[PDB]
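Below: one structure, written as structure tokens.
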Amino acid sequence: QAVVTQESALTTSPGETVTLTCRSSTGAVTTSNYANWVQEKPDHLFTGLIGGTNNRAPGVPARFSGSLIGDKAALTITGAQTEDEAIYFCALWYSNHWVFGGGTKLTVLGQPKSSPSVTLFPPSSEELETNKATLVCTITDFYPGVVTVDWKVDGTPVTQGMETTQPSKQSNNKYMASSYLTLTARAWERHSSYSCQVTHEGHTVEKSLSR
Amino acid sequence: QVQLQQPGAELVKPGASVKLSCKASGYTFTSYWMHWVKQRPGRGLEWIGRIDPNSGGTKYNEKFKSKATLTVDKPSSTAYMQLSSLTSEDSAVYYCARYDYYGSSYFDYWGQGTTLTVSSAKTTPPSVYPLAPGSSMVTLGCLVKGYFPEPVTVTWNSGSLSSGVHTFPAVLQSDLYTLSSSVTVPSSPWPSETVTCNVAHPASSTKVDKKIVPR
Ligand SMILES: O=C(O)Cc1ccc(O)c([N+](=O)[O-])c1
């Protein structure tokens, strides 16, 4: 019954000093919340880093340290390394429940940023025959691996029927993701233009389909 | 050497229950508490509850009180968690994590998590649909929609087109999965020379090949 907030994503470069924060919705984070820091690396790999606000888990590099900065818990990576690129969650204790934040995707640039390559394919012909039409929006080669996909059917944000894959690491260390917009053989015919909009590290690419 | 072992995947029908396991090795089972966590791919971690393998005492998340049951078997060093009345919605990955309660207060070691899939669906083969453009290089793709279980294998021109091929992860939609694959080919090769995506779905001994015809 408390809500833990963390920054969504942050980007740094090897050698830098970065600070992730953890806010509680009910007040200051104190040493009674026993703030915990956990790291999720690709392949569903969890490691605990900090426990009790500031105790560094054993075998955790000394570049990781925990503390309280004002009313929040904070994790500072002093001299970030490329291996530090992962998702960091914080957890706070509330007398008898643990509440985990939403995670902070940390990117530690081990290569230049890269703009996505967006592709939109309309419903195939043999599909409308199922009286179903799926619009596919393909997004690859982007880095940092965090994008925002927005569909636009006839000019109005589409806030339903859209499913987006979580970015997966390609072999080049860039990411790919795919968004599907599922309609009815019907809905398809009723509308005019479809748009897949991808926002990536401040720039937007819009792939438009003109039925 | 501390380790927490969990099975990789479980498949149960909606309405049943599952007993997930977490077998500890490498430390004194009883000196640490054991916790269970739920992860919905891409929505965050949710604490379920914790158990003291010493006394068998638990603390639950009020939200899971009637869904989860923690138990421990001291002799075999395994913590277990039962989940009842499962529904499609319980599908997620469930991790077990050790908590140094008596020490420094961290969830130090974690299990690799167990992926539970609750589906009423039978072995079903994908329906492959060609993904041709509509307007230097050109991208093609193919949709492998509504199949079950996982996985499907996608190849382009039986393997010749092995470079610049992207096969996306699948999304479980109404008990059936969906996947996509695209290949980038010189704009010269296409549509001159044909491109076929070869989808293979083992569970259902299926082999589908679809030529991507311009249109
Ligand atoms: O480590 C601490 O002091 C915090 C704490 C206190 C009581 C608990 O029951 C607990 N837990 O995880 O179940 C954790």
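Protein chains in written order, with the deposited numbering: chain L, 1 to 211; chain H, 1 to 135, 141 to 220. We put the CB at the ideal spot given by N, CA and C, even for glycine.
Beta-bridge annotation (DSSP): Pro157(L) is paired with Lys152(L).
Excluding five sequence positions before and after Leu120(L), the CB atoms of its chain that fall closer than 6 Å to its own CB belong to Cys137, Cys196, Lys207 and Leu209, given in chain order. In the DSSP assignment, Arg50(H) falls within the unbroken beta strand (DSSP E) covering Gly44 to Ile51. Across the structure, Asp100(H) and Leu181(H) are spaced so that their CA atoms are roughly 40 Å apart. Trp161(H) is outside the set of residues whose beta carbon lies under 9 Å from a beta carbon in chain L. The beta carbon of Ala177(L) falls within 9 Å of a beta carbon belonging to chain H, placing the residue at that interface. The Cβ-Cβ distance between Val118(L) and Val198(L) falls below 9 Å. If you draw a straight line from the Cα of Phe46(L) to the Cα of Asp108(H), it comes to about 9 Å. Proximity of chain L to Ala205(H) at the Cβ level (cut-off 7 Å) is not reached, the minimal Cβ distance being about 19 Å. Across the segment 36-57 of chain H, CB contacts with chain L closer than 9 Å involve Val37, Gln39, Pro41, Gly42, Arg43, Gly44, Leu45, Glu46, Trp47 and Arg50, in sequence order along the chain. Around ligand 1, the residues selected by a Cβ distance under 7 Å to any of its heavy atoms are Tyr34(L), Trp93(L), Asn96(L), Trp98(L), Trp33(H), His35(H), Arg50(H), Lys59(H), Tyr99(H), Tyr101(H) and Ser105(H), following chain order.
DSSP, read as helix, strand or coil, puts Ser32(L) in helix.
The criterion of a C-beta distance shorter than 9 Å is not satisfied by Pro41(H) and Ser119(H). Near chain H, meaning a CB-to-CB distance below 7 Å, the residues of the segment 34-45 of chain L are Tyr34, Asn36, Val38 and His44. In the DSSP assignment, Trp110(H) falls outside any alpha helix (DSSP H), carrying neither H nor E. Spatial neighbours of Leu75(L) in its own chain (CB-CB distance under 6 Å, excluding positions within 5 residues in sequence) are listed in chain order as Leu20, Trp37 and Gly66. Collapsing the DSSP output to three states places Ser66(H) in coil.
Around the beta carbon of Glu127(L), a 10 Å sphere encloses 16 or more other beta carbons of the protein chains shown; the residue is thus reported as buried.
Chain order gives the chain H residues near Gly102(L) as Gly44, where near means a beta carbon separation below 8 Å. Taking 9 Å as the threshold, the shortest C-beta distance from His97(L) to chain H falls below it.
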